[PDB]
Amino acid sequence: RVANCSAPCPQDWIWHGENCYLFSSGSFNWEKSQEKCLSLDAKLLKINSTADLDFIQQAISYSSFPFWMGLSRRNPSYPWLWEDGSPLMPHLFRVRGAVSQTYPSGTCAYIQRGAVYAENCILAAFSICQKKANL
């Protein structure tokens, strides 16, 4: 069934640039948040460009809630890594906040009010999934 005119993104998602974005409608821990995106054959938000950043900043400006991204750190001795295994570059942002070995499942990053913060991965928060748009 080859499509006649496939949309860049699925219904309910938001299209911007090269990607498609899906904002959750509730708050869940990082693990569950990741599972949701994966179940849709997508992934958690990965801010890799200025375009990504500008869009997300404007999109969350309507909220005071924190949104989980696909960025985490096993523990203090490990680096920050995205789900795809690539390192966190210093260009777009730094993760503010504490990382702790006492967190049962590592530390995770979420964006809220423009800035990005570190937090215990087992805590609940909204999240944003992402995937490539059909262009």
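Residue numbers run from 1 along the displayed sequence. Rigid core here is just the name for the largest C-alpha set that superposes within 1.5 Å across the two forms.
Looking at 63-71 and 48-56, the one farther from the shown form in 7 other deposited structures of this protein by average CA distance, after a rigid core fit, turns out to be 48-56. Averaged over structures and residues, the CA distance from the shown form in 7 other deposited structures of this protein after a core fit is larger for 102-110, of the two stretches 102-110 and 33-41.
Between 70-78 and 38-46, it is 70-78 that carries the larger average Cα temperature factor according to the deposited entry. Relative to its counterpart among 110-118 and 15-23, 110-118 has the higher mean temperature factor, C-alpha atoms as listed in the PDB entry.
Ranked by C-alpha B-factor against the other modelled residues of its chain, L92 falls in the highest third. Sort the modelled residues of the chain by CA B factor and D84 lands in the middle third. In this PDB entry, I56 carries a Cα temperature factor that places it within the lowest third of its chain's modelled residues.
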